[PDB]
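# Here's a sequence, model it:
(chains A and B, ligands or ions: 2)
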2 protein chains.
Amino acid sequence: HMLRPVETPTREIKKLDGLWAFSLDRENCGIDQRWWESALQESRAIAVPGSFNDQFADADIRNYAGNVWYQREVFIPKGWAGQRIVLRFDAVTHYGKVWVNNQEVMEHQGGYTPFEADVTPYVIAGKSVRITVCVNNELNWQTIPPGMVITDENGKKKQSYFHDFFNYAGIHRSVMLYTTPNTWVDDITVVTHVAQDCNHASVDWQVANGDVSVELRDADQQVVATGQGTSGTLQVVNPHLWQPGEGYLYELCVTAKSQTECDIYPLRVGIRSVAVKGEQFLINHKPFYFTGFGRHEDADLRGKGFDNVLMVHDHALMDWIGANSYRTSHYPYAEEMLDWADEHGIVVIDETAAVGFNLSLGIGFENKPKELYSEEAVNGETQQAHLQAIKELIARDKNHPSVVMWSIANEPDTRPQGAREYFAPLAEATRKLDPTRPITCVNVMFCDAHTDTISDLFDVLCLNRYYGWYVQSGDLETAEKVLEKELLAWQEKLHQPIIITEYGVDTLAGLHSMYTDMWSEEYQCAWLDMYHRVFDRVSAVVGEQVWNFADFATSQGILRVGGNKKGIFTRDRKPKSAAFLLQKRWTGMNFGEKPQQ
Amino acid sequence: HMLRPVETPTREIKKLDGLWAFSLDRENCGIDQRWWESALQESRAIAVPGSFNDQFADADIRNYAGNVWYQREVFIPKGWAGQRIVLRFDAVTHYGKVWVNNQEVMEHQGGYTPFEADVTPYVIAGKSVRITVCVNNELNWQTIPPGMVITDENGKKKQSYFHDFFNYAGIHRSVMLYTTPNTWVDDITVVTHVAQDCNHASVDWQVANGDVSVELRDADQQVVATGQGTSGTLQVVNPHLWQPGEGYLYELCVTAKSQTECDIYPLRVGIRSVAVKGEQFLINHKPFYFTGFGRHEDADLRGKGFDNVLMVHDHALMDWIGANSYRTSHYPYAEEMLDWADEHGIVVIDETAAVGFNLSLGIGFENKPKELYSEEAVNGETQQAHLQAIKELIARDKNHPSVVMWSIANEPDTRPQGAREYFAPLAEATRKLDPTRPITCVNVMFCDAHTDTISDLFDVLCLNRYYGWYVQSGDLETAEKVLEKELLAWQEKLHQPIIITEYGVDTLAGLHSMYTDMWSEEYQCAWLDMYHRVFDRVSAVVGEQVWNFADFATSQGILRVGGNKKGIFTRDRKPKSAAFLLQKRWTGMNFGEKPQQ
Ligand SMILES: CCCCCC[C@@H]1NC[C@@H](O)[C@H](O)[C@H]1C(=O)O
Ligand SMILES: CCCCCC[C@@H]1NC[C@@H](O)[C@H](O)[C@H]1C(=O)O
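Residues are numbered from 1 along each chain as shown, chains lettered A, B, ... in the order given. Ligands and ions are numbered 1, 2, ... in the order given. I have put the structure below:
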């Protein structure tokens, strides 16, 4: 049971603020020598939140595999003698184990979701405790995402993985201590139903030794509904709906009264209905059309570290270009992202970190498990770890009205028997963990309409298609034919709504061509344009998401010229020519509505 | 009297073909030691045609001022015992003096026009003579263009000049030996009149001890007119006219019969009428609208050297983009250019090399004659040299139907009294040297409508305007207002047709901006677009020529990031985004007709 921290009977002191002591451990003696005991040797200042790889311009820190130590002292605020205090890590990429002054208090696997522990017994209010963090950036076959650690003859660990983006690690987001009353709200769940768009209710179901009443206050803070019951309610309402263009928010505030002290938790709600009918995706009983991007949490110097200016600027760009939706590509994003999405009515495809369950999308000319689904590779523990990743993503983003669909994985290889054996239970478990949202699994190119094995276990079909790029390279005529043929094949086979969640081409900013050859800005424009002409001719396609909003870092190889260049913007957010192409189509269309051509 | 070499009683052996011996002369002892006597010492292979500056990747050859020696042996063809043979240099940039085996035979000042000498007495037919050329790249106040040589304390000559483009030198074009019969055509002049577009004649006037008859053969080689008379004729005709879109060519062939031997010269003619009426420029009695470029003869490695692939490719680009006209910016171009223009119906503004008669367009923070028009600077000899440059340009391109206007100079400073004193006689002398074409002088920005002194001495007003770039920098709103105000002021003051012969902005390929700030591709697009919206609101503007077709080399300075970047194409001919902007406007308009907005 987890909620995002906020105010009044609750209060934060964040240690996000500032520089920590940081150290490597090339021989992994930190645990043996109990480094959490003393203040570190060999410590250098590092900034949190932020990846550790790019911060020191050193290829050895950058390419490190192992454990790293983050440590900082802090003064525990003194008006906190009688309240309950928690230590919350909003993300520690891959694995983290924390000591609060010689006392292990938490441990976590999963680099993208928050994890907290009550630390009341282990701290002296009014004085300073020392926080030590042990961070592991290693991936094996039971981590979400999977990878393999390669140890050379000399014990240097080098991490290989099967996804594009670079394996940035560290404390990527918020680290804070926050206090709730000893009687406190611990979890909230809100569900919205709507009929003729002027007439429904907000079911609730709450959970910590406190009798609870909930007021549903206005944007004007005018109250229009009231309930009581730990097992919640159905507050019935005639309302203004949370819509894609505007995203209205009521405020449902839950009051947890114990007979002495009280706690109250403010939770914003968007009144909207999501469903799939035939080949139509409907938000509030109207067929929506998705436009926008796959994104990444990547940026210069800070890696995957959260940054407010970046969020403000990237939403300004996305707003300008006319995007209405995005997918949290290949891991759960910072919650600040989803909060922004709620206030602005941005439609979001929420996705777990389950990427790389595929051993066919390689560079060439170089020792893998020859069976993807097996005891050596993706096995039962992997499945359990995956289900737990689904449970953490859902427990954190269930109430967000902007999250409109759950993505279980991205681009697994579905051809082997055992893909369906691995995925079907996860598809079912996910539906039972949130029956109010449709479910998806993003589908790779070579698992075509004929060969794919699991897409009928999901509500929406999300395709990643690169005809004319990785195959039929340079050939816009042939690729157009292939793309039309496979889209009609998919619509014939499943009669589900189709979103093209990935389509894009590597483009060097400033490379121009009078031909329309690959890597050129002219080719990025003509290729996106040919895709758009096809989408507009297939009734089932309800959504387009250009593969990347910006250029991002990847591991080194012959396929990646300083990373992935499929961005519409450069890594410093400057637009390639295709940006204006996109802006013309996406602002020239009626909002949320499929282009009539 | 000069004509371009061609065939049958005439025949070429070109020494353009191939590598010559080349040498510097840092102490100028080549003339004293009569290097033309022997085969050179210290000689390295060099390619002709082509500048010498960029060919060796050496900054000292590149930045040299002085004399250089070109020398090659050649075998004089033996079936040339009884015909007359000439040595023709199509261009030797700035100055050249040639010895044909210890016999000075020619000398020339003027780096852009051909010069030839009969060499019959000085050669043994059937054996090989040695050709030595002395080339000077220096500019003083009596050269077209003017410059000043700066000699430092150690006698190193460094050339300063007052124009943008780099002072490339050498043998830039064709060097050939060609034979005519001892009775030969020596000069031709053709004039075209046309009334209701189905009804007029071709006046002629011919000139070398030969009785002459002229047949006017078809594209089908069908004869439709015939004359005789050294003093020519008026062949009256009902015809298909030389038009801008197509450029039909008759062939007028002149037959020079002596009683024994004969010579005949083929000369293509375009039947078209050019005139100015009010604020209208008419080709064949219809108002034309100019689109296209200022160009340059500049390209990688070869400098200003002529190259056939470059001509084919640049015309393919210009054709694609929709350009119908161009100005031979800042010197006469290769005649092959004007021949191409004739066959393709490209309208050309022909311009002399008289650039830099202005000492106000400088970079800053650095000794010039404080009076531009004076004995120290532009004086009477400069005027005579300028008139001779006008005479050479006109004698070479008079018959070309594509040449539709003569440009006397580019961007002189007209404010001082003495600008009108210098220019008026040249304007008159030019009208009397070709009364069939309108006359222009390209006008610089700071000689505004109020202050300019000489524009009323010319038929067409050609403006070079850079509001929003060099002034009101970045400000599209303010610059738009200024540009409209000055264009209406010019139309009010002179009621002449206005061509904007220069408008452009420096643009780094691949620099992009979400603002529309300078040096960005987005700014090049928005600035050209604002100019186009203004032009379309002023009745007198009949022509637009974006300043540069491609990026070109300039001398070093703080204003030029690796040269001038105002090109629409890069120096390797790849398009910036604005190229598509241009292609949309220029191909979306009715041909030769002003955009109705
Ligand atoms: C032949 C199949 C090619 C799959 C390649 C498409 C990949 N999908 C997942 C994304 O994270 C990658 O960046 C994308 C790519 O490589 O740019
Ligand atoms: C303030 C007046 C500025 C004049 C500058 C305009 C110049 N006209 C002549 C061209 O040869 C130059 O390239 C152009 C420029 O500099 O790019």
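# Please name the residues that touch the closest residue to ligand 1 within the stretch 251-400 of chain A.
The stretch 251-400 of chain A approaches ligand 1 most closely through residue A:361 (4.8 Å), counting by Cβ to the nearest ligand atom. From N, CA and C alone the C-beta is placed, and that goes for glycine too. Contacts here follow Cβ atoms under 8 Å, 6 or more residues apart in numbering or on different chains; on that basis residue A:361 touches A:162, A:411, A:444.
# Neighbour-wise, which one of these leads?
Neighbour counts for those were taken using other Cβ atoms under 10 Å in any protein chain shown; the highest belongs to residue A:411, with 27 neighbours.
# Just read off the phi/psi values of the closest residue to that one other than its chain neighbours.
Counting by Cβ to Cβ, 6 or more residues apart in numbering or on different chains, residue A:411 lies nearest to residue A:444, which is 3.8 Å off, once chain neighbours are set aside. Phi and psi for residue A:444, reported as degrees, to the nearest 10, are phi -80, psi 160.
# I am assuming residue A:444 contacts residue A:412, so please confirm or correct that.
Yes: between residue A:444 and residue A:412 there is a contact under Cβ atoms under 8 Å: 7.2 Å.
# who touches both of those two?
Shared contacts of residue A:444 and residue A:412, counting by Cβ under 8 Å, 6+ apart, come down to residue A:358.
# Now for whichever residue of the stretch 201-350 of chain A sits closest to ligand 2: which residues touch it?
Minimum separation of the stretch 201-350 of chain A from ligand 2 (Cβ to the nearest ligand atom) falls at residue A:320, amounting to 32.0 Å. With contacts defined as Cβ under 8 Å, 6+ apart, residue A:320 is in contact with A:583, B:514.
# Could you list the buried residues of whichever strand or helix holds it?
With the criterion set as DSSP states H and E, the secondary-structure element containing residue A:320 is helix A:308-321. Counting neighbours by 16 or more other Cβ atoms under 10 Å in any protein chain shown, one finds that the buried residues in helix A:308-321 are A:310-311, A:314-315, A:317-318, A:321.
# Any chance of JSON lines for the residues you listed, columns distance to residue B:71?
As requested, the buried residues of helix A:308-321 are arranged in JSON lines below (distance: Cβ to Cβ, whole Å):
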{"residue": "A:310", "distance to residue B:71": "65"}
{"residue": "A:311", "distance to residue B:71": "70"}
{"residue": "A:314", "distance to residue B:71": "65"}
{"residue": "A:315", "distance to residue B:71": "69"}
{"residue": "A:317", "distance to residue B:71": "62"}
{"residue": "A:318", "distance to residue B:71": "67"}
{"residue": "A:321", "distance to residue B:71": "63"}
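# Closest one of those residues to chain B?
Comparing the buried residues of helix A:308-321 against chain B with Cβ to the nearest Cβ picks out residue A:317 as the nearest, at 7.2 Å.
# Could you verify my assumption that that closest one touches residue A:582?
No: in terms of Cβ under 8 Å, residue A:317 does not count as a neighbour of residue A:582; the distance is 10.6 Å.
# Give me the distance from stretch A:111-130 to the chain's centre.
Its chain's average C-alpha position is 25 Å from that of stretch A:111-130, according to Cα atoms, centre = their mean, to the nearest Å.
# hang on, the earlier thing: just the CA coordinates of the helix holding residue A:320, formatted as PDB?
Written as PDB, here are the backbone C-alpha positions of helix A:308-321 (Å, rounded to 0.1, in the frame of the first residue of the first chain):
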ATOM      1  CA  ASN A 308      11.800  20.000 -13.500                       C
ATOM      2  CA  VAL A 309      13.000  22.300 -16.300                       C
ATOM      3  CA  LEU A 310      13.100  19.300 -18.600                       C
ATOM      4  CA  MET A 311       9.500  18.400 -17.800                       C
ATOM      5  CA  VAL A 312       8.300  22.000 -18.300                       C
ATOM      6  CA  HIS A 313      10.200  22.300 -21.600                       C
ATOM      7  CA  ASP A 314       9.300  18.900 -23.100                       C
ATOM      8  CA  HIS A 315       5.700  19.400 -22.300                       C
ATOM      9  CA  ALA A 316       5.900  22.800 -24.000                       C
ATOM     10  CA  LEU A 317       7.300  21.200 -27.100                       C
ATOM     11  CA  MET A 318       4.800  18.300 -27.100                       C
ATOM     12  CA  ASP A 319       2.000  20.800 -26.600                       C
ATOM     13  CA  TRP A 320       3.300  22.900 -29.500                       C
ATOM     14  CA  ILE A 321       3.700  19.900 -31.800                       C
END
